[PDB]
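The chain that follows stands alone, in the form deposited in one PDB entry, written as structure tokens.
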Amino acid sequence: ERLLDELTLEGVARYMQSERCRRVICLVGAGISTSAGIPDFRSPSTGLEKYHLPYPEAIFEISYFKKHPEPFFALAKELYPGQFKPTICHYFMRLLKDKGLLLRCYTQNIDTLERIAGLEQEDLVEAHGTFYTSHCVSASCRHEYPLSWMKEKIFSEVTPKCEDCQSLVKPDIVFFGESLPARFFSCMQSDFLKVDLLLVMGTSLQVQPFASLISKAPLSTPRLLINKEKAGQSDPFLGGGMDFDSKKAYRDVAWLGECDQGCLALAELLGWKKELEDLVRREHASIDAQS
């Protein structure tokens, strides 16, 4: 009685173009931005003593930031991407939006590429925050600053201070010690009542609470993983995990390869390849031509 006629990319595409599939939730992580040249700082090959930290994790912790922000901002300058060109995966989500299929994109990423690709605030749950905006850290002020302002401060090596009250200004990313945005929990509680398809791309589903999102889907909702490695199955030691391969599997599909190549394959099955090619090449040309 399952919704997918077969547990393959072709089965998912046929489901997507049936009347049963109207609302797609994307869950995306660092794997959708590595081909944009933005490394996954959790991947060890792209994972410091120049900052003389009391302990290595302090540069990611909020109390240390508020007392000693200079290491964080020097690291931010070191890591600042040289260009912001969203990937095929990002623009595939923009096509989902254009076609009225995108209920929400939950992202682990802080690089703003979802917004550059044309997803709007309403479409996005930035579960780990974002560099897109920054705020004065004083509770009585909370003046908001755009990324252009923060970038100027970062590259000029001037510690960003609020123009109204001279408190620190912090990018809206979730440091260790900060809670996830309330938007994450509010949206989760509403969106997963409404979803027809979960598209999980470029995440190992290891960081919490983001990973537990897959268990919030209704029992019937197909879940497609596009990722370099299989992810989201129950841990045989610590264990609604993914079931891709057992005789009881009925709704979870793993497409193992590069995220851009999987999204391209899905778009091609859907008849969207020309639309996606045209969109990516136009937007990339526009970004490359920024003057």
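Counting begins at 1, following the sequence as shown. Rigid core here is just the name for the largest C-alpha set that superposes within 1.5 Å across the two forms.
In the record comparison, residue 238 is unmodelled in at least a third of the other entries of this protein that model the residues flanking it. The segment from residue 47 to residue 48 is interrupted, since 4 to 9 residues of the deposited sequence in that interval carry no coordinates. The modelled chain breaks between residue 239 and residue 240, where 4 to 9 residues of the deposited sequence lack coordinates. When the two stretches 1-9 and 281-289 are set side by side, the higher mean Cα temperature factor goes to 1-9. Per-stretch averaging of Cα B factors for 88-96 and 140-148 places 140-148 on top. For the set 34, 227, 234, 261, the PDB entry assigns the largest Cα B-factor to 234. Each of 171, 218, 181, 202 has a CA temperature factor in the record; the biggest one is found at 181.
Remark: residue 29 belongs to the lowest third of its chain, ranked by C-alpha B-factor as recorded.
Sort the chain's modelled residues by C-alpha temperature factor and residue 118 lands in the lowest third, per the entry. When all modelled residues of the chain are sorted by CA temperature factor, residue 222 is found within the lowest third.
Per-chain ranking of the deposited C-alpha B factor places residue 105 in the lowest third. When the modelled residues of the chain are ordered by C-alpha B-factor, residue 214 sits in the middle third.
The form deposited in another entry exists for this protein as well; it is not shown, and the discussion that follows is about that form.
The residue that stands out in 151, 85, 97, 115 is 151, the single one whose Cα moves by 2 angstroms or more between this form and the one not shown on a rigid core fit. After superposition on the rigid core, the Cα atom of residue 129 is displaced by less than 2 Å between this form and the one not shown.
For residue 62, the Cα coordinates differ by 2 angstroms or more between this form and the one not shown after the core has been superposed. Superposition on the rigid core between this form and the one not shown places the CA atom of residue 139 2 Å or more away from its counterpart.
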